[PDB]
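Undergrad: Residue numbers (our numbering), protein chains in the order written: chain P, 994 to 1199; chain Y, 543 to 760; chain E, 14 to 27. Note that beta-carbon positions come from the ideal geometry of N, C-alpha and C, so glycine has one too.
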Amino acid sequence: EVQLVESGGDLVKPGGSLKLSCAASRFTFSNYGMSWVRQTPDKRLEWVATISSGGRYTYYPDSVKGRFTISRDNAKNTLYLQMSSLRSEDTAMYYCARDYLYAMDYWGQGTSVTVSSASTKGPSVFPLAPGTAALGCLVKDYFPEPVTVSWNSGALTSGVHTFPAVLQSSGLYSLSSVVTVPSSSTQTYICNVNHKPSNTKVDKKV
Amino acid sequence: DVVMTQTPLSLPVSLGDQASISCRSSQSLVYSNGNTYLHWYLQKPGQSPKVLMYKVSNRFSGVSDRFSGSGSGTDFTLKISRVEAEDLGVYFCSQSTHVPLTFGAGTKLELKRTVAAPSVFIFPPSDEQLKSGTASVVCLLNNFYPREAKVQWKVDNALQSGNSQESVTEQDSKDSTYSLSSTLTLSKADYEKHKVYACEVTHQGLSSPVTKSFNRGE
Amino acid sequence: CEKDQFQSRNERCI
């Protein structure tokens, strides 16, 4: 039941530095090569770095060679990616993956990195007020991505639709999360919005 | 670098049917030892990629035998023998014969189903948002198929243009439907200058376009 | 014996 958990993503200014970490579990980390792969906003995949099981060898594409440095701590079962001289084109979701035989079999759920001169901005959350009724929350004017949305602290999952963010003319992101419920429902509906980069967490009753 | 070209890029298929994906490399993937290091991955919605096949035809442990890989040189194929709902996602081929390791652009497998008309809802801007000087009006199109739809905004029966943005969800594994949001953004002054706000929806499941609307004062 | 997806191509450290 192999597990990989990435952390460290954030908004970084151009020219800046950032270190990602990946915690490995439920396998003998020391016996496998490890890799980083990124997925850019257009959904394309780009291999970023690989390190051999014992750390003897590292490998990079030209796009990051010199600027990115992969390392591992076999005692602590952790993989690292040190990023420096960051460019706007490095904006991406970064995944840690285990090299198993000839390919990368298991990948973490990823950590988000945005490289921009723009400052962080937390979202303004507004209600979408309501036999089937629809209600929701408009999460607008935040930067950078991501925003996570749950309902009733994770208890309401059926009929929930959280839309991909769209970039507005202002350079700020916006998304809505909707839910269909019986029109008969007394019932309290609360959208839980978390924006890790700006340290914004708000709960909005609809 | 080796360019990996996948065909098709969008693959609608019915449940239980067969599907095939092509992957062509810009140079031969035969390594100096005569082996071929061409691999396939599947990214399910909301998840990171997972590997399916390695070295053209070898299934990783835990991958269904409904998947098969074949090909040689520059020409490769991934085949699914009977499609299941959990096959929904983006399939990527990848090569490691030549460094840098490269990926194809992805092929999105889409499930076919009967045509389903959207449920259309419209939401006025909240009073809290109006306090800030901005007005967002939202049109929701819920649980419809196919994905293609036209959403047109109208303010006092007058068509709008350039002041709206759309967003569509990925296909739901549970019922194979899409949902779409269209957001009309106006200044507070422009919003309070008009009374009727409407979104008109055109879709294959509707014999005539239908309009949902509200009156600002009423 | 150093292992990773690129070393594996030499079919020795398998």
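Please identify the residue among Y:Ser603, Y:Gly631 and Y:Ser614 whose C-alpha is closest to the C-alpha of Y:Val572.
TA: For the purposes of this step, residue 572 of chain Y is taken as the residue at position 30 of the second sequence. Closest option to Y:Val572, Cα to Cα, is Y:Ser614.
Undergrad: Is DSSP giving Y:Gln548 helix, strand or coil here?
TA: Taking the first residue of the second sequence as 1, we reach residue 548 of chain Y at position 6. In the structure shown, Y:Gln548 sits in a strand (DSSP, three-state: E or B).
Undergrad: Tell me the DSSP secondary structure of Y:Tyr733 in three-state form.
TA: Residue numbering aside, residue 733 of chain Y sits at position 191 when the second sequence is read from its first letter. Correct three-state label for Y:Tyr733: helix.
Undergrad: Name the residues in the region 1008-1035 of chain P whose C-beta lies less than 9 Å from a C-beta of chain C; which are they?
TA: Absent here is chain C; the protein component of the structure consists of chains P, Y and E.
Undergrad: When you compare the region 740-748 of chain Y with the region 685-697 of chain Y, are there three or more beta-carbon pairs, one atom per stretch, that lie closer than 8 Å?
TA: Flag = yes, the region 740-748 of chain Y and the region 685-697 of chain Y touch.
Undergrad: Under three-state DSSP, which class holds residue 43 of chain E?
TA: There is simply no residue 43 of chain E to check, as chain E begins at 14 and stops at 27 in what is shown.
Undergrad: Check whether the region 1129-1139 of chain P touches the region 1154-1167 of chain P, counting contact only when three or more Cβ pairs, one atom from each stretch, lie closer than 8 Å.
TA: Enough Cβ pairs lie closer than 8 Å, so yes.
Undergrad: Assuming P:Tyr1087 contacts P:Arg1037 (C-beta within less than 8 Å), just tell me the rounded distance between them.
TA: One-based indexing of the first sequence puts residue 1087 of chain P at position 94. One-based indexing of the first sequence puts residue 1037 of chain P at position 44. That belief does not hold up - the Cβ atoms of P:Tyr1087 and P:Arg1037 are roughly 14 Å apart, past 8 Å.
Undergrad: Considering only the alpha carbon of each residue, which of Y:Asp559, Y:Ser638 and Y:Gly576 lies closest to Y:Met595?
TA: Here residue 595 of chain Y refers to the residue found at position 53 of the second sequence. Closest option to Y:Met595, Cα to Cα, is Y:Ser638.
Undergrad: With a floor of 3 residues, list each beta strand (DSSP E) that falls wholly inside the region 1048-1134 of chain P, ordered by position along the chain.
TA: Whole beta strand (DSSP E) segments, 3+ residues: 1061-1066, 1071-1076, 1085-1093, 1096-1100, 1104-1108 and 1117-1121.
Undergrad: Quick check on the DSSP output: the beta strand (DSSP E) that includes Y:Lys696 runs from which residue to which?
TA: Residue numbering aside, residue 696 of chain Y sits at position 154 when the second sequence is read from its first letter. Taken as a continuous stretch (DSSP letters only), the beta strand (DSSP E) holding Y:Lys696 covers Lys692 to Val697.
Undergrad: Taking the alpha-carbon positions, what's the P:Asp1035 to Y:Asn705 distance?
TA: Locating residue 1035 of chain P in the first sequence gives position 42, counting from the first residue. Locating residue 705 of chain Y in the second sequence gives position 163, counting from the first residue. Straight-line Cα distance between these residues: approximately 23 Å.
Undergrad: Taking the C-alpha atoms as reference points, what is the distance between Y:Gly631 and Y:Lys730?
TA: Here the question's residue 631 of chain Y lines up with position 89 in the second sequence. Here the question's residue 730 of chain Y lines up with position 188 in the second sequence. Answer to the nearest angstrom: the Cα atoms are 41 Å apart.
Undergrad: Output yes if chain P places a C-beta closer than 7 Å to the C-beta of residue 514 of chain Y; else output no.
TA: Residue 514 of chain Y cannot be examined here, being either before or after the span of chain Y that is shown, 543 to 760.
Undergrad: Would DSSP call Y:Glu760 helix, strand or coil?
TA: The sequence position of residue 760 of chain Y within the second sequence is 218, counting from 1. Here Y:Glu760 sits in coil by DSSP.
Undergrad: Can you check whether the CB of P:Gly1101 is closer than 7 Å to the CB of P:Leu1013?
TA: Here residue 1013 of chain P refers to the residue found at position 20 of the first sequence. Here residue 1101 of chain P refers to the residue found at position 108 of the first sequence. Taking 7 Å as the Cβ cut-off, P:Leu1013 and P:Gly1101 do not qualify as a contacting pair.
Undergrad: Within this structure, are the beta carbons of P:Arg1049 and E:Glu15 separated by less than 7 Å?
TA: Residue 1049 of chain P sits at position 56 when you count from the first residue of the first sequence. Residue 15 of chain E sits at position 2 when you count from the first residue of the third sequence. Yes. Within cutoff.
Undergrad: By the 7 Å beta-carbon criterion, what residues does the region 1131-1159 of chain P contribute toward chain Y?
TA: Within the region 1131-1159 of chain P, the residues whose Cβ lies closer than 7 Å to some Cβ of chain Y are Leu1131, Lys1133, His1154, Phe1156, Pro1157 and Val1159, listed in chain order.
Undergrad: Can you tell me whether P:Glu999 is helix, strand or coil according to DSSP?
TA: Working through the first sequence from its first residue, we reach residue 999 of chain P at position 6. Note: P:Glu999 maps to strand in three-state DSSP.
Undergrad: Applying the criterion that 16 or more other CB atoms from any shown protein chain within 10 Å of the CB defines a buried residue, is Y:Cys635 buried or exposed?
TA: For the purposes of this step, residue 635 of chain Y is taken as the residue at position 93 of the second sequence. With 16 or more other Cβ atoms within 10 Å, it is buried.
Undergrad: Whose Cβ in chain E lies nearer than 7 Å to the Cβ of P:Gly1047?
TA: Walking along the first sequence from the start, residue 1047 of chain P turns up at place 54. Those are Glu15, listed as they occur along chain E.
Undergrad: Would you be able to state if there are at least three C-beta pairs under 8 Å between the region 670-683 of chain Y and the region 573-581 of chain Y?
TA: No contact exists between the region 573-581 of chain Y and the region 670-683 of chain Y.
Undergrad: Taking C-beta pairs closer than 7 Å, name the residues in chain Y that P:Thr1173 reaches, listed in chain order.
TA: Taking the first sequence and counting its residues from 1, the one referred to as residue 1173 of chain P is at position 180. By Cβ distance, chain Y contributes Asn684.
Undergrad: Does chain E have any CB closer than 7 Å to the CB of Y:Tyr573?
TA: Residue mapping note: residue 573 of chain Y aligns to position 31 of the second sequence, counting from 1. Yes, its Cβ sits closer than 7 Å to a Cβ of chain E.
Undergrad: With a cut-off of 7 Å, does the C-beta of Y:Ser556 fall near any C-beta of chain E?
TA: Position 14 of the second sequence holds residue 556 of chain Y. Chain E contact via Cβ: absent.
Undergrad: Select from Y:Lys592, Y:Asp698, Y:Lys621 and Y:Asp717 the residue whose C-alpha is nearest the C-alpha of Y:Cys741.
TA: Residue mapping note: residue 741 of chain Y aligns to position 199 of the second sequence, counting from 1. Minimum Cα distance to Y:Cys741 is reached at Y:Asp698.
Undergrad: By Cβ distance, which residues of its chain are closer than 8 Å to P:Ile1183, with the 5 residues on each side in sequence left out?
TA: Numbered from its first residue, the first sequence carries residue 1183 of chain P at position 190. Closer than 8 Å at the Cβ level, and outside the excluded window around P:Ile1183, lie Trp1144, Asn1145, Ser1146, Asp1196, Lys1197, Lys1198 and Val1199.
Undergrad: Cβ of P:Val1106 within 7 Å of Cβ of P:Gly1002?
TA: By 1-based counting over the first sequence, the position of residue 1106 of chain P is 113. By 1-based counting over the first sequence, the position of residue 1002 of chain P is 9. Cβ atoms of P:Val1106 and P:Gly1002: closer than 7 Å.
Undergrad: I need the straight-line Cα distance from P:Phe1156 to E:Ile27, nearest angstrom please.
TA: Translated into the one-based positions of the first sequence, residue 1156 of chain P becomes position 163. Translated into the one-based positions of the third sequence, residue 27 of chain E becomes position 14. Using only the alpha carbons, I get a separation of about 44 Å.
Undergrad: In this structure, does DSSP put P:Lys1012 in helix, strand or coil?
TA: In the first sequence, residue 1012 of chain P corresponds to position 19, counting from 1. In the structure shown, P:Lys1012 sits in a strand (DSSP, three-state: E or B).
Undergrad: P:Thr1113 and P:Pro1190 look like a contact to me (Cβ under 8 Å); what is the Cβ gap, rounded to whole Å?
TA: The residue you call residue 1113 of chain P lines up with position 120 of the first sequence. The residue you call residue 1190 of chain P lines up with position 197 of the first sequence. Contact flag correct, Cβ pair sits at about 5 Å.
Undergrad: Please confirm whether Y:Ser668 and P:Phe1022 have their CB atoms less than 7 Å apart.
TA: Locating residue 668 of chain Y in the second sequence gives position 126, where the first residue counts as 1. Locating residue 1022 of chain P in the first sequence gives position 29, where the first residue counts as 1. No.
Undergrad: For Y:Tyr739, decide whether its Cβ has a neighbour in chain P, counting only Cβ atoms nearer than 7 Å.
TA: Residue 739 of chain Y sits at position 197 when you count from the first residue of the second sequence. Closer than 7 Å: no.
Undergrad: Assuming Y:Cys681 and Y:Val662 make a contact with CB atoms under 8 Å, what is their CB distance in whole Å?
TA: Here residue 681 of chain Y is taken as the residue at index 139 of the second sequence, counted from 1. Here residue 662 of chain Y is taken as the residue at index 120 of the second sequence, counted from 1. That belief holds up - the Cβ atoms of Y:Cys681 and Y:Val662 are roughly 7 Å apart, short of 8 Å.
Undergrad: Hey, does P:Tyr1099 have any beta-carbon neighbour from chain E nearer than 7 Å?
TA: Reading the first sequence from its first residue, position 106 is the one you call residue 1099 of chain P. No, its Cβ sits nowhere closer than 7 Å to a Cβ of chain E.
Undergrad: Which residue's Cα is closest to the Cα of E:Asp17: P:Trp1029, P:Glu1039 and P:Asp1055?
TA: For this step, residue 17 of chain E is matched to residue 4 along the third sequence. The shortest C-alpha separation from E:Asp17 is found at P:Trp1029.
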